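Protein chains: 2
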Amino acid sequence: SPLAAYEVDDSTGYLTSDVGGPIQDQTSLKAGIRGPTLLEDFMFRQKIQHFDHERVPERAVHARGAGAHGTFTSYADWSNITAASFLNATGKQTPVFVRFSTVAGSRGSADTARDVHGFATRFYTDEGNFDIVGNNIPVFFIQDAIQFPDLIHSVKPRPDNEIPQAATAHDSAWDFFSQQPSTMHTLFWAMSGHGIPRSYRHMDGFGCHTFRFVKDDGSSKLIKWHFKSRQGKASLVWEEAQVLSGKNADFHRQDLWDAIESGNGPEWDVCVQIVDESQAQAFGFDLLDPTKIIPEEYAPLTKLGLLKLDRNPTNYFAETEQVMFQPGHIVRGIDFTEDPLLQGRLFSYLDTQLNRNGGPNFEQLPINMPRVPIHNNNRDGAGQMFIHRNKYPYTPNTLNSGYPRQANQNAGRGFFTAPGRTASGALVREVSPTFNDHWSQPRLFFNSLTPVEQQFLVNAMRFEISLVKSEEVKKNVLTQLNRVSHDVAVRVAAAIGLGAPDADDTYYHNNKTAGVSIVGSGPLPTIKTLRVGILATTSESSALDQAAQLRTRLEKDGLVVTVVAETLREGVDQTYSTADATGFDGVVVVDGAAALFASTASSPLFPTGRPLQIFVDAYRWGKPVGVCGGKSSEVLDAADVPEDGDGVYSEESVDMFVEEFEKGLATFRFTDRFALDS
Amino acid sequence: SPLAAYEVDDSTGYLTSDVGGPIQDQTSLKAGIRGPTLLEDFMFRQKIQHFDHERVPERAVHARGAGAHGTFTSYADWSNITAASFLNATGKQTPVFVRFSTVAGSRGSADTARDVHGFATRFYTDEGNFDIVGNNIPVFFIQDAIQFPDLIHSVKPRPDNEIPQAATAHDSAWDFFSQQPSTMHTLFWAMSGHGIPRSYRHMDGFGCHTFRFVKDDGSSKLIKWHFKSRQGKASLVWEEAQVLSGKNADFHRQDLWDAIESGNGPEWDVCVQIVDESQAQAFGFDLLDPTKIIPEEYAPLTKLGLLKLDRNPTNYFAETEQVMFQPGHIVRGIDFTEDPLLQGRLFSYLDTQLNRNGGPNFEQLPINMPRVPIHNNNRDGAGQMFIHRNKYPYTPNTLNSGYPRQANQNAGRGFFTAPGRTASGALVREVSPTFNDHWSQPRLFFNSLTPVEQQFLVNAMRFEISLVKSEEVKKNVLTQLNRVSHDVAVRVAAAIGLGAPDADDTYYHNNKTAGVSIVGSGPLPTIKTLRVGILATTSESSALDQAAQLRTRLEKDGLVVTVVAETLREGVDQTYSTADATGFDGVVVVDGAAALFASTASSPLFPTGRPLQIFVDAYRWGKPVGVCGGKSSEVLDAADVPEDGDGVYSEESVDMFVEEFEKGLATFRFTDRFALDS
Ligand code: HDD
Ligand code: HDD
Ligand SMILES: [Ca+2]
Ligand SMILES: [Ca+2]
Ligand SMILES: [Ca+2]
Ligand SMILES: [Ca+2]
Ligand SMILES: [Ca+2]
Ligand SMILES: [Ca+2]
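Residue numbers (the authors' numbering), protein chains in the order written: chain B, 21 to 698; chain D, 21 to 698.
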């Protein structure tokens with residue numbers, strides 16, 4: 021590991037300058053005890069110069085994100101489908117680093133903004149670094165990389181006032197979506213629960229583009245990358261995400277950090293869809309078009325290996341902030357396709373690192389280094405950390421005996437372009453007519469959601485478009501939505517008091533596809549790491565005993581338990597003052613704490629109505645909630661929470677309460693609590 | 021308009037490259053209609069290179085902020101105390117640019133984090149740019165600039181995982197505060213309502229340091245800068261600020277931008293305290309110590325002039341993001357003091373612009389350019405915009421006839437150091453013992469707050485210290501708070517289940533000072549721009565009629581009125597789905613909408629209970645609330661709000677309702693709704 025050599029231990033020792041001279045750093049050097057600071061104070065200036073220069077430009081997109089180390093393990097020798105060395109043996113392990121992100125927000129913006137999310141994975145392979153720079157949504161808004169600044173300017177804050185942060189809920193974004201109909205598929209995904217995932221662990225990763233697997237014999241197949249979560253799929257609801265943005269902007273990065281620290285490092289099956297070159301247009305769309313999925317009914321997933329994240333960084337800046345992904349980080353056995361979005365990405369990711377790093381030697385940062393020898397004639401540049409021994413860095417040479425040697429299909433395990441690839445025709449700035457259906461697959465996605473998930477997506481569009489000031493942009497939005505679904509256009513129009521256009525059935529259909537629904541993906545396969553808030557009181561010795569009971573039961577099953585009370589003490593983790601329903605996946609009130617839930621209840625130690633507000637918010641947001649201990653009756657009445665409700669638990673027995681409640685945690689959300697359009 | 025020479029209009033015309041060649045930017049150039057993108061596509065690469073390089077490093081501190089243009093007007097000829105040209109005549113006008121900010125958060129962090137706030141003012145004077153780089157709190161955490169990276173590392177996110185964003189509520193910050201007792205004064209300000217101002221317009225600005233006013237005769241006086249809000253002082257409550265951070269991260273920038281667009285540009289009296297050089301140690305502390313205020317009972321404020329902000333930027337990045345303030349931007353008539361915090365700032369703000377701008381010509385950016393000629397021998401450097409005609413840029417010269425000429429006290433209106441300044445003694449890295457009382461002035465501040473203000477400060481400390489993991493740090497924090505106030509230590513200790521240490525009365529006293537309390541500074545002098553939410557319904561045309569009549573009456577008085585209903589139509593500004601009590605300074609329900617406040621009420625158009633939760637939150641956060649029309653029982657009972665409550669209004673008469681309600685908006689907060697420790 022190039023990181024091991026660069027770890028710096030400051031657990032002992034005297035303070036030094038950056039050149040090893042022992043110094044102090046607490047008082048400036050002055051001309052007398054009340055005098056002016058001296059220019060000759062090098063201790064002051066070296067420390068303050070460093071501080072003054074700590075920041076680097078944030079990523080132009082995906083600025084908000086968090087990373088972890090782990091391991092990829094191949095399930096098989098995949099030589100039969102690719103030459104890729106990291107996939108060439110059963111059990112072969114490759115170190116990884118992953119960064120997850122949002123897209124639009126700056127640094128410091130909230131994790132739980134509604135957005136597309138990044139899922140970028142580096143494989144430090146034995147034949148070079150290989151990055152799969154993916155998103156949690158399989159389709160992208162645009163069909164040509166040249167349009168990326170148009171999309172990103174439109175979603176980012178308006179440039180006169182830089183409002184709003186981390187949001188599409190403004191005129192410019194919806195102007196762009198309504199004028200550029202390619203955007204509909206990703207927009208539908210972003211307006212679904214996929215826009216507000218419960219955690220980075222509860223979302224999938226997608227390469228989006230078609231790539232190629234290339235064998236050593238030169239043959240190739242077309243692939244899509246799918247990283248399928250072993251934790252299951254889960255979402256927040258919007259009114260919860262909005263509160264969580266304020267209460268804990270760091271929720272997704274803490275969730276990931278904690279899961280790794282507790283030995284619950286998240287896992288994905290790294291999968292591909294594999295199809296023949298001859299099927300590029302066989303599925304009713306073009307595989308070069310990054311606004312399209314291959315429905316799993318036409319091409320099943322093959323599991324290639326296991327990705328596990330199991331180690332947090334040491335220094336966030338050095339590792340997470342400085343990791344510099346590139347789809348140009350490719351290895352023998354993988355090739356590009358003529359997807360015009362992918363094509364332009366290859367340029368952008370090499371160039372943008374110059375902005376971030378300030379110089380050309382960014383691959384020398386430890387997080388960016390490979391785990392094999394580097395042999396090339398790249399030289400000099402600001403920040404050059406190598407001392408090259410070859411004083412003849414040109415090819416062809418005799419004075420270095422012809423080294424380094426060219427690598428290609430028949431030498432040195434070189435990368436090679438798939439040799440069956442061709443190009444024909446005019447040099448054109450023209451869009452393929454094969455790309456022109458912008459509406460069928462958005463309809464397929466919408467059809468594939470459950471009725472309450474459809475309602476959530478309509479409600480997200482109603483929320484955002486109601487904040488668009490331009491009546492004209494709003495009419496144009498309804499025109500495009502109407503081409504996907506007349507019903508969606510009518511339901512969205514109702515919230516903004518406009519009439520939807522008449523049905524236009526050109527692209528309407530009733531087809532569905534597996535694997536895109538969150539609500540329909542069934543109970544979570546594991547409840548480990550899910551958060552249970554136990555609302556208790558210091559008033560009643562009964563209440564802390566009940567809490568301690570529930571804690572033992574729930575912690576045995578790997579749940580993260582928080583006992584909440586008025587004040588901290590033995591067994592209490594959190595005060596009411598700092599507690600919020602956004603902090604829990606389930607909420608339990610111990611019946612000993614009933615008095616805290618009365619309308620008349622007041623304390624200087626927390627805001628008026630806090631304990632009850634936690635319970636009511638948890639219920640209203642669809643979470644499993646209950647009262648444990650025998651007078652389950654009251655509390656449920658204070659909350660107007662019906663005791664016969666699905667996901668509402670009422671038991672005197674802790675054993676019975678927990679058994680029932682944990683089934684609620686797997687269900688995760690009780691969708692019967694949300695009203696549907698008639 | 022002050023920067024009109026630099027504006028670029030794109031309201032007409034064909035797309036060009038940066039060198040004026042007409043182009044297109046929507047489709048990449050490809051080898052065939054389904055082919056790969058060509059390297060010869062310069063249109064693609066210039067556009068994507070620009071996009072890839074849009075970002076610049078955020079400021080090392082104060083990264084989150086917003087700015088506006090305006091004018092400073094002198095009230096008098098201040099020659100009798102300062103040579104400063106911009107102060108030399110009654111009515112003399114100087115253009116300004118101000119940026120307001122938080123301190124700790126990154127770009128995109130929320131405006132309503134608890135923090136110190138920046139208030140940075142540039143005067144484009146006829147004798148050079150003069151910057152007063154201030155905060156909304158008059159005292160700073162630390163007594164020597166060399167400690168700035170220690171403070172900032174401790175309050176910024178923990179550097180392994182970069183958690184938490186824009187918050188002091190973590191172990192490292194409270195470790196620093198408890199180990200560095202100088203921090204107590206600013207800490208008490210930050211934990212007061214000054215940490216969560218209602219807006220940039222409802223906070224003051226302070227220079228913090230003692231500076232000098234220097235007359236043309238060379239005599240000097242010691243000054244403190246005070247910018248006193250002509251809008252009044254106001255705060256959020258914490259449990260409002262947390263929700264607002266999520267619902268509207270842009271709240272302060274939006275409030276400022278909207279105040280300027282509506283012709284309510286905020287105003288401050290620019291004031292100084294003016295004391296003699298002989299009074300440096302006369303007030304029981306040292307005027308070089310930036311942790312101390314001069315109590316107004318010892319030195320009254322002199323009003324120098326009016327600061328008014330009345331014009332929003334055209335391009336946020338170019339003007340707000342790029343403005344580079346420096347305390348080194350000083351003019352004839354002002355000088356520094358030996359405050360060791362100020363002293364080090366002078367280095368920091370010149371150096372750090374090299375990081376932000378990437379090169380040395382940052383004073384050529386339009387926003388940083390002065391409004392008078394530049395004559396000097398500075399040359400070259402990356403990004404050099406000037407074409408210098410003087411080919412002999414050295415002094416002394418004959419070949420340019422000895423120009424530019426040296427400016428000094430006696431010639432050319434030069435800057436000059438106050439000529440009575442001296443230094444004597446050893447060259448020392450020693451702290452003056454005159455700086456050693458870290459506790460009296462925090463106690464002065466605490467004593468000068470009202471009882472519920474003291475409770476709010478205790479509650480902020482209870483909130484944050486309860487989130488500190490380390491029992492060692494919490495004990496150390498109680499040791500320091502106990503030296504300011506035993507009562508504070510006891511009340512804070514109660515929330516975290518530690519015992520407060522025994523009283524230590526060395527620094528205890530009962531002295532108070534005027535003008536530091538928010539709760540005590542009386543009703544607001546103007547209610548213009550304050551926000552009234554009217555909760556109505558589309559289900560009753562009479563409810564919309566009541567709302568229209570309330571709107572007319574409230575808008576007449578310059579209030580910003582939002583009518584809320586289930587759906588948008590004529591006269592309705594927002595839907596319930598997007599509405600929140602954090603968007604209003606007061607909430608009115610029209611009694612024709614009473615049915616939406618029933619516990620039964622449900623709709624697919626907004627979250628369960630949203631109408632009543634807006635009313636309940638507004639009440640519980642202290643805002644004026646009421647019901648207009650005469651039928652108030654159903655709403656007030658559903659909300660558990662007493663009709664006789666202070667700041668609770670029930671009138672049939674719209675005119676009577678508005679007269680009463682407007683007194684409540686001036687009161688701004690009804691502090692009787694918050695519980696006190698006994
Ligand atoms: C033409 C430009 C362009 C286009 C079309 C895309 N991107 Fe990109 N993307 C960038 C230009 C870019 C960039 C400007 O080059 C970034 C900024 C930081 C960086 O290293 O690259 C980036 C960053 C970035 C990151 C963050 C990596 C990290 O965590 O550091 C992810 C996950 C993605 N992108 C994913 C995608 C996906 C899945 C795309 C479409 C399928 C996509 N981008 C299209
Ligand atoms: C020794 C370093 C140091 C110290 C002791 C301080 N600062 Fe500072 N401050 C900086 C180093 C710095 C900086 C690193 O140089 C920044 C970052 C961006 C910039 O232009 O300067 C800055 C920015 C900055 C800004 C933002 C200006 C803007 O909006 O662009 C404000 C308002 C202040 N500071 C105010 C203060 C006040 C009132 C201080 C104490 C009285 C103070 N700073 C002490
Ligand atoms: Ca906009
Ligand atoms: Ca969902
Ligand atoms: Ca540079
Ligand atoms: Ca080749
Ligand atoms: Ca910490
Ligand atoms: Ca207050």
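A virtual CB, placed ideally from N, CA and C, is assigned to each residue, including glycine.
Given residue i as reference, the closest of the options once Cα atoms are compared
i, options, result
"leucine 696(D)", "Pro453(D), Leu59(D) and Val472(D)", "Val472(D)"
"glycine 225(B)", "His137(B), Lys235(B), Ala658(B) and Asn396(B)", "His137(B)"
"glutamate 492(B)", "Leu324(B), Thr598(B) and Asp191(B)", "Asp191(B)"
"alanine 585(B)", "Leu574(B), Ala567(B) and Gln342(B)", "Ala567(B)"
"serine 505(D)", "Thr572(D), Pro627(D), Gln474(D) and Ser255(D)", "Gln474(D)"
"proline 177(D)", "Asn108(D), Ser126(D), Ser444(D) and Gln200(D)", "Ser126(D)"
"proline 624(B)", "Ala614(B), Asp611(B), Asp605(B) and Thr595(B)", "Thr595(B)"
"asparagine 417(D)", "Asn397(D), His408(D) and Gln404(D)", "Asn397(D)"
"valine 351(B)", "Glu259(B), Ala556(B) and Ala438(B)", "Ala438(B)"
Cβ-heavy atom distance, residue i to ligand 6, below 7 Å
i, result
"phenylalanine 436(B)", "yes"
7 Å Cβ cut-off: residues of chain B touching residue i
i, result
"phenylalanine 367(D)", "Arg65 and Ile68"
"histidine 73(D)", "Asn375"
"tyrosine 336(D)", "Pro179, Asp180, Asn181 and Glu182"
"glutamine 167(D)", "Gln46"
"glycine 629(D)", "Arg640"
"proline 56(D)", "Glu358, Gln363 and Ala443"
Any non-hydrogen atom of ligand 5 closer than 7 Å to residue i Cβ
i, result
"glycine 378(B)", "yes"
Distance cut-off 7 Å: residue i Cβ against heavy atoms of ligand 2
i, result
"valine 343(D)", "yes"
"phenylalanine 117(D)", "no"
Closer than 8 Å to chain D by CB, residue i
i, result
"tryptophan 277(B)", "yes"
"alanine 254(B)", "no"
"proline 158(B)", "no"
"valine 448(B)", "yes"
Sub-8 Å separation of residue i and residue j beta-carbons
i, j, result
"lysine 253(D)", "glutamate 287(D)", "no"
"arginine 399(D)", "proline 380(D)", "no"
"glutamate 317(D)", "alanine 480(D)", "no"
Any non-hydrogen atom of ligand 8 closer than 7 Å to residue i Cβ
i, result
"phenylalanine 337(B)", "no"
"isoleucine 538(D)", "yes"
Chain B contact for residue i (CB, 8 Å cutoff)
i, result
"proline 42(D)", "no"
"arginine 221(D)", "no"
"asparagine 332(D)", "yes"
Closer than 7 Å: residue i CB and nearest ligand 1 heavy atom
i, result
"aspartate 72(D)", "yes"
Under 8 Å from the C-beta of residue i: neighbouring residues of chain D
i, result
"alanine 659(B)", "Here the premise fails: no neighbours, minimum Cβ distance about 10 Å."
Residue i CB to nearest heavy atom of ligand 3 below 7 Å
i, result
"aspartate 296(B)", "no"
Near ligand 4: residue i beta-carbon under 7 Å from a heavy atom
i, result
"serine 255(B)", "yes"
Contacts of residue i in chain B (Cβ-Cβ under 8 Å)
i, result
"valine 76(D)", "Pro77"
"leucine 207(D)", "Going along chain B, no residue has its Cβ under 8 Å from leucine 207(D), so there is no contact; the nearest lies around 18 Å."
Closer than 7 Å: residue i CB and nearest ligand 7 heavy atom
i, result
"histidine 190(D)", "yes"
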